[PDB]
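Here is the structure we will look at, set down as structure tokens.
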Amino acid sequence: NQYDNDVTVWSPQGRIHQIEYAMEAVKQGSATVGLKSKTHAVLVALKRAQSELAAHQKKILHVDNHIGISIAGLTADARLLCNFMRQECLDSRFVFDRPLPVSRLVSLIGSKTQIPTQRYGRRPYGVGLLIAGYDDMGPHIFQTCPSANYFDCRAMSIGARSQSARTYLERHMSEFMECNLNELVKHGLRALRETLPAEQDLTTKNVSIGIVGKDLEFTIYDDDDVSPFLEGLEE
Amino acid sequence: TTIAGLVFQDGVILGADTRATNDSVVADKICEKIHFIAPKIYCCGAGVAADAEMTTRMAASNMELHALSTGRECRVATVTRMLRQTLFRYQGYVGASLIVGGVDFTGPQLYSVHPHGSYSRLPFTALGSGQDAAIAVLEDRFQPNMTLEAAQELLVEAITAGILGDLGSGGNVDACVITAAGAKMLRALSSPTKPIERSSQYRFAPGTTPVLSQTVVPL
Amino acid sequence: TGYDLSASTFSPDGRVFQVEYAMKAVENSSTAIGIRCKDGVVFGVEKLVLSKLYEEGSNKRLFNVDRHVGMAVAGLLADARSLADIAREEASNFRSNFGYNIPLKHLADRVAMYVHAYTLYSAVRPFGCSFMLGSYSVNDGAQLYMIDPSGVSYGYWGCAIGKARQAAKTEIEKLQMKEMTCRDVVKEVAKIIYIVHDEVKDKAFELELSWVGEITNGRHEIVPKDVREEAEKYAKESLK
Amino acid sequence: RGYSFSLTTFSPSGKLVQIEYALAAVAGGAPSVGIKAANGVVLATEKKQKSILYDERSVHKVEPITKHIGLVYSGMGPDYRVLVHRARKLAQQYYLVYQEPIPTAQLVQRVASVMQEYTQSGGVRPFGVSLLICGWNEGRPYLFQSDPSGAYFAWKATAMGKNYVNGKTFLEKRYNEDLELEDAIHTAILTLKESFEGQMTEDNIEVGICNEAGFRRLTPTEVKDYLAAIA
Amino acid sequence: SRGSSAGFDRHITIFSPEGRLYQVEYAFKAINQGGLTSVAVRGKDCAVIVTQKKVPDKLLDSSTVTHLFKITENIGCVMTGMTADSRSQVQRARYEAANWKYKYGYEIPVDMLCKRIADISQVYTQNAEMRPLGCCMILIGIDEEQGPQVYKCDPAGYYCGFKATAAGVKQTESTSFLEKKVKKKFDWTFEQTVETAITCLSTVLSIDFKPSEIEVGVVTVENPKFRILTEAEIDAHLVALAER
Amino acid sequence: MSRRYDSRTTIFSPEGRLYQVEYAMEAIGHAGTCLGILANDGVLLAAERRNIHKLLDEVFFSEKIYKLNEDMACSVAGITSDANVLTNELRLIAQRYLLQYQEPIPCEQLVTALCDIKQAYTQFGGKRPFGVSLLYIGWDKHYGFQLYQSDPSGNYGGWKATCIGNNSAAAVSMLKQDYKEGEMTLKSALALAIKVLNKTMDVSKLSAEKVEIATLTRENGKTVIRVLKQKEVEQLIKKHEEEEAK
Amino acid sequence: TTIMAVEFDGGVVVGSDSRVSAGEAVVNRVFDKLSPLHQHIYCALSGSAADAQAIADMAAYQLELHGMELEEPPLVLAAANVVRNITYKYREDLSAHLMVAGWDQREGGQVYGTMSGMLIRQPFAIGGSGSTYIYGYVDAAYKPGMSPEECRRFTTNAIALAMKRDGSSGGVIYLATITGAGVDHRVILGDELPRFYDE
Amino acid sequence: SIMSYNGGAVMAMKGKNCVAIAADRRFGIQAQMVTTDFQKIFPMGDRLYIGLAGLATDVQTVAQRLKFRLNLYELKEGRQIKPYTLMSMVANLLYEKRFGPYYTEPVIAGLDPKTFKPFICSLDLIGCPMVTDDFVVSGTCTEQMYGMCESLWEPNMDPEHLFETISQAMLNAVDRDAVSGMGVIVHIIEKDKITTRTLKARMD
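Protein chains in written order, with PDB author numbering: chain C, 4 to 238; chain X, 40 to 258; chain D, 6 to 245; chain F, 4 to 234; chain E, 2 to 245; chain G, 1 to 246; chain W, 21 to 219; chain H, 2 to 205.
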């Protein structure tokens, strides 16, 4: 019981409990998915409603023209990382005058989220992320964690009950490469419904998406622009 | 200002001039330029008056901490480093120009430290405003391995030639002899101008003082 | 009872527990090995695939600290990516200060000191990352140095870090690697790993290897396609 | 950074717990006696080793702070080297500003104020060392005792370490005025004989004196001269 | 009291009811955890270090595993204790030894290098933020005044020069033999010292060490530079153990 | 930072009274007993001495009675260690006032300047408070003679006659009965302070070594701080001892 | 001030003059401009003495740690960079100029001009204010593959030509022959200086 | 220079058992007088005084710092300050300002509290301590006060003769100085008592 309260205290098993508890913060929030073809990379985030009267949180944030993120975790805590990511992408266009490589941008997050896990008296950022981007090496989908360990992934799902959405992405993995703009998005939309119970369906209000690709900059479709993709998909 | 130093067989000898001037006046006719760093180590300031003093105070204090810490005779090479890294730290703004000398168990050693931090080991040297006069006397009559009894006259004649031939140097000649036993100080060793007499006393009888406010406070 | 709560406390028997606990973080990590030969140094790593969703090559455990220095980590990979980035700062500070290739013996010191500075205080935690550093030079030769969470550096002909050690450290002793050539070592490295690797808990992995030595002219590289395929097939043929 | 919180706090009874135990460390240290009599102040500490392999010239308890001041200790050994290195700077910082040797009253005042800083500032324990500072200034000797609390006294004669209660009792019945520095060294060593057990050689006892001649530590050959029980 | 504990005394370093410091007590036990021993004997003109060298596995490189370091050209070192803490102080001792020559302009003496190291281990004792180091340094060397010098530094901060030292697992018993030979006061030469020093370890451990089981650093007045005797030079002194 | 080792010196109690302040007052409760009396002419401070031995030198000064300024002084009841920190602060405060305003510091201004230092340590910083409660005497160009008593919490106030330290409660009850407003003189005040102590002394006979008196008078536009020597102190005792019978 | 270094098979010969002059007057008549940074490595001071002795000491320190920590003699390329970083960082404040020459177990004799914060390896290098006059001697008389006896006679003849033309140079030539066996420190007195056209 | 803005003069001459310090009363800005009540000589306590000259800002600025540091020193110590220790204080006070120096040249005069021992000295902008066995002067008229003090001073003098000597030393030296004048204040420090006199001088 004494090993729990501090970040810098190990255990007899070599497990840091606070970093484990910070992983629970990701499971406490809405599920998000994303995947990439040979060209496009699309994030699909489920905007959760506090009530039917109140509106929905924004789970997708712009970073740079070619880069976008889907935040799952503490909402105001993700705006600390998003503000860091926007400054790194501006400093890349201000200095090198080139779009920042996505594999570099995720490495800077691994350096920023590593420090609070190392030092006493601080907490690890409780936000998981999916960074979708496009660069000279092709589209990328990167998962991060509170533990600061970042991955390189074809498709992932984070958030509450994300394991089921991950299972769906594995079966269709072979088809993800040749999908066009429309069909690619439909793969992610079919993943979200698996996370939520059948008593709730997908609507124009509670689902937001973003798309980055070869000739297309990262753009967020809010509500009315989500409907044309929602239509044509059987539930 | 004229300070000089010389190495002989058994040790070193450090001389100095006693007069200190501001602008053109004589502020004090008796002044100690030779300072005390370690029992067997001394030094001579030439430069800005206080900058050559305060500087040797910091070294004399550091060497006392170092001597108490180690418990060993202070090396002359150490004092030079302390004065060298202190003066260079100030980028030559301090105008202290020092001659450090003394006998450790390595044997007689005589350094010199310029205001910017430039220090050279050597047998003999002179600094100050009258340095050009003293060095010229050292150059001619020097020769390695001198006895002590013959090593005092060559330094006295070196500074005296720097006093009598310079407007910035005057007064008596201080000298400091250092040997294996070491720590022998001779104050006012030479007096180039003896007569100082001023006979015609102007002392006058009290009682003419147009004074007004006089009051007395007991103690 | 409270003696193990911080890295600043000694047990009544003298052991520092918070450092001993960070070592157990390596004991549960996957196994990585390294080996020296006459020609150079060879690396190998078991990189476990946690899900098919992960791209091939993700969570790469072989870091390039400098052109001539390779690195292989076993432990928590979050702290490893910090070390590999700090080890690069030492190799670049060396390149800036002394203007030539950093000798591996010195690079495994500065890094093993930084790993050590976090076992002293109570405001930080020990690293859970154990890693080895191989290198080759024509004026030095094959060099391999392991660093552990406590900051201890030893040279090795071959070593095993992570979960399986005593099993892998016995299999390396049988073969004599001193006179052998690197091209014949690569085939033996993969042979050792598959013998060491047994599937009970975990499922699948991706074999990673590295060249540094005479073949590469001193530049640390991953094994090229054809040679990696040439080496992996031999370990499968020798499997039975 | 470090701990900014004070490790010393008032007990429910109203007595500082840290310092109370710091005075229990000096009770079990090396027995140390000193005497202020006539023109000098003697400080005699018993240095007792466990082996014949220990080199005596390497380690000395009695240490000079400056030419006119000297210092011994009873308590934690390593902690003593921290004060000395601080006391030697305070004597120099004084000597730089005022261009005169620091008076013992002013040094014990500044040293004991440093020992107060560690009874307030956070993340540090108080020293385990109870000092005896001998000094000679203006023809008047000075014998002071600084303790971990920072409260310094002025003593004619005092004893520390093992059997310090039995040490002071022996001082009252012996110590008096018109007592020469000679008899002081005699009476100082006699007190240790009641404290120390076994034969006392020049290696066992370490003595030093402070007088108009300045503070100097007696060499083992000179200490052997006083071990004859003459002078 | 006699071992009574009040509050946090046993966790950080603060005074207990009996006045002791338990954290420093346990640092002395961190020396015995090293699982080895070391002996440094000071002869007339020489100071010899004999270290038990354990290489249990053949894969371990013998050239890279040594307890004999070089602090500066004329000062040797042998570190008995936690291997992690050992290279911590050695890297710090080398900085203090080089900083000494950057300020004071001459090679640091052995006695004053143990003083600046033991004074740093005093900082870790008072400050409750961090622990003391668990390694015990033994320095040898020769000063041009006092000759051969053998000093020792405990983690408590208490440094004392010894005639003959010991460290590690076997110390008290290893010193019991050193009390026998030093009391006899043999004439100590370079060959006479190393033969006695190696015998000291063999009497305690009952081994008769092989050439590869030890490494011997030596420093003499003729050879001021610190040198490590090669396996060939070691075996030359091992045949003398067949004799007297 | 390891809170575990933090004792939280600045937190309130459940009843709203700072612990370290209350425990500081019990440290002062066993310290040396000091008192003061304000008369028509002059103010006095009678300090009891709790350190007495044949081997004590008595080298410096009144031993627990200090001098803050030319016009002011103070006694101390509490930890002898922490008093030397306050005194060095009070001597800086009076000299910073004199630096700007070039006039002696009034007693009201100096007291409230120190109590701000006793607040910073009780309110924040986490460091322990001061175990020293003080008495103050002095004269100023405005309100005349002043007697102030602070505490470890920084709560001061004016007093005609007060007491502090051991048996401070039993002494004040004696002052309230005997002290007359405006009718006290320094000759009648000294005779009063002795009668108060002789009842509150834990050691009878009232030796001249234990109690020492310090008086403050103003003469010829100058404040005179005098510590009565052991000769005059014993003279006042004997005059009080004959008035008990004769 | 005139300093020179020549490279040959076994090692390098580092020559220098002596005289140090502030303005038109001579501060020090005999002064050693070769300050060893390490056993086999030598640095020839040039420019401001106060600035050069500071850089030579800082370079002898930072390199001393480099020698201890590697437990191996440092290279000359390591010595030339430690000098270059100090010279380029302070280049506004420090007017000093150095020259690094020595021997190593790998490449053998080396010579590196550090002038103004830059770095070159050169077969022979000349520096100081007295350098300029001997740019015609070192172009003509120099030949590759010279024996140590020929190099010392080439360095001696060259500096002797610089001291006569330069007013800020003069005195005795110092010659340090650094080889694998050790360092031979010689001194060429005024009577041994090679005579050249007098008028 | 800058120290010639307000002018001013300070003089100290040592007698046998007594010393005397004098300064003029004039306060003015360059060519314009303001008041004759200005005070250049300040009490350091019994039998010890210090004069100050140069810029009139630093005269009152440096003085208020000395009474600041003196009263701290006299309360810490159980004794009064020695005049030799005070020289090193003002030297340390002015030297800490080395790169932004106060403009003033302190002149210290007094008696060693031990028994009779007199002491005097003078300083500079940087505060180089200078001890003399005869006299010290500072001000814009310093050149005048040298010649006056040279001829008049003698090795041993009783208090009566100090006053006559230092009076005519200031009065004649100031009359040839344009920015100094308007009366002279002379202090006499004996072992028994202290005699202060304000001389009647030419108003000009």
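We put the beta carbon where it would ideally sit given N, CA and C, even for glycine.
Name the chain H residues whose beta carbon is nearer than 7 angstroms to that of X/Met93? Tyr96, listed in chain order.
Taking 8 angstroms as the threshold, find out whether the segment 32 to 45 of chain D comes into contact with the segment 39 to 57 of chain E through three or more Cβ pairs. Fewer than three pairs of CB atoms, one per stretch, sit closer than 8 angstroms, so the segment 32 to 45 of chain D makes no contact with the segment 39 to 57 of chain E.
By the criterion of Cβ-Cβ separation under 7 angstroms, what are the contact partners of D/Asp114 in chain W? In chain order: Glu89.
Determine whether the beta carbon atoms of D/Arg224 and D/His73 lie at a separation below 8 angstroms. A contact, by the Cβ cut-off of 8 angstroms.
Who are the near neighbours of C/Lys217 in its chain, counting only those whose CB is closer than 6 angstroms to its CB and skipping five residues on each side? Same-chain partners within the cutoff: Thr42.
For W/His58, return the contacting residues in chain D, with the cut-off set at a CB-CB distance below 7 angstroms. Residues of chain D passing the Cβ test: none, with the nearest at roughly 13 angstroms.
Touch check for the segment 177 to 189 of chain E and the segment 31 to 38 of chain E: three-plus C-beta pairs under 8 angstroms? With fewer than three CB-CB distances shorter than 8 angstroms, the segment 177 to 189 of chain E does not count as touching the segment 31 to 38 of chain E.
Closer than 9 angstroms by beta-carbon distance: list the chain G residues that pair up with H/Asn72, in chain order. Neighbours of H/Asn72 on chain G, chain order: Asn69, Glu70, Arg91, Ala94, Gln95 and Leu98.
Closer than 7 angstroms at the beta carbon, the chain X residues around E/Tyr160: Result: empty, since nearest Cβ-Cβ is about 14 angstroms, beyond 7 angstroms.
Quick check: is the beta carbon of E/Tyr105 nearer than 8 angstroms to any beta carbon in chain W? Chain W, which has no Cβ nearer than 8 angstroms to the Cβ of E/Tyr105, makes this no.
Between which two residues does the alpha helix (DSSP H) carrying W/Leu181 extend? From DSSP, the alpha helix (DSSP H) with W/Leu181 extends over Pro168 to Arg185.
Are the Cβ atoms of X/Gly169 and X/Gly131 separated by less than 8 angstroms? Result no, Cβ atoms of X/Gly169 and X/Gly131 do not sit closer than 8 angstroms.
Between which residues of its own chain and H/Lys118 is the CB-CB distance below 8 angstroms, once the five residues before and five after are set aside? Contacts found: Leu112.
I'd like the ranges of any alpha helix (DSSP H) spanning at least 4 consecutive residues and lying wholly in the segment 97 to 139 of chain C. If we require 4 residues or more, the alpha helix (DSSP H) runs fully inside the segment 97 to 139 of chain C come out as 105 to 115 and 117 to 121.
CB contact flag (X/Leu104, F/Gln95, <8 angstroms): In terms of Cβ geometry, X/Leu104 and F/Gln95 form a close pair [threshold 8 angstroms].
Within chain H, partners of F/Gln109 - CB distance below 8 angstroms: Against chain H, a Cβ distance below 8 angstroms from F/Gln109 picks out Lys77 and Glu78.
Under a CB-based cut-off of 8 angstroms, is residue 334 of chain D close to chain E? Since the first residue shown for chain D is 6 and the last is 245, residue 334 of chain D is missing from the structure and cannot be characterised.
Same chain, Cβ closer than 7 angstroms to E/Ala198, neighbours up to 5 away in sequence not counted: Closer than 7 angstroms at Cβ, skipping near neighbours: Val40, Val42, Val49 and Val51.
Where does E/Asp155 land, buried or exposed, given buried means 16+ other C-beta within 10 angstroms? E/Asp155 should be labelled buried.
Member of D/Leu138, D/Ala147 and D/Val228 whose CA lies at the smallest distance from the CA of D/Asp153: Comparing Cα-Cα distances from D/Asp153 to each of D/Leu138, D/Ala147 and D/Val228, the minimum goes to D/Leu138.
Got a sec: which bits of the segment 1 to 12 of chain G sit with their beta carbon under 9 angstroms from any beta carbon on chain D, in order along the chain? The segment 1 to 12 of chain G vs chain D, Cβ under 9 angstroms: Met1, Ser2 and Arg4.
For X/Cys70, the three-state DSSP class (helix, strand or coil): Here X/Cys70 sits in coil by DSSP.
Chain F within 8 angstroms of X/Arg96, Cβ atoms only: Yes, contact with chain F.
By Cβ distance, which residues of its chain are closer than 7 angstroms to G/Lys229, with the 5 residues on each side in sequence left out? Once the five neighbours on either side are set aside, G/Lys229 has no close Cβ partner at all.
Member of C/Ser211, C/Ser230 and C/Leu233 whose CA lies at the smallest distance from the CA of C/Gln60: The residue with the shortest Cα to Cα distance from C/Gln60 is C/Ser211.
Three-way DSSP call (helix, strand, coil) for G/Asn69 in this model: Here G/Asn69 sits in strand by DSSP.
Quick check: is the beta carbon of F/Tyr98 nearer than 8 angstroms to any beta carbon in chain X? Yes, F/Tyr98 lies at the interface with chain X (some Cβ there is under 8 angstroms from its Cβ).
Strictly below 8 angstroms CB to CB, what residues from chain X border W/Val50? Per Cβ cutoff of 8 angstroms: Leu161.
Measuring only between beta-carbons, confirm whether X/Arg128 sits less than 8 angstroms from chain E. No, because no Cβ of chain E sits closer than 8 angstroms to the Cβ of X/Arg128.
For C/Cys92 and E/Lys153, the rounded distance between their alpha carbons: Going by C-alpha positions, E/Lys153 is about 56 angstroms away from C/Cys92.
Does any residue of chain G have a CB that is nearer than 8 angstroms to the CB of residue 292 of chain E? Chain E is shown only over 2 to 245; residue 292 of chain E falls outside these bounds and no answer can be derived.
If I follow the unbroken alpha helix (DSSP H) through F/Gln202, where does it start and stop? Membership of F/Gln202 in any alpha helix (DSSP H) is not indicated, and neither H nor E is assigned to it by DSSP.
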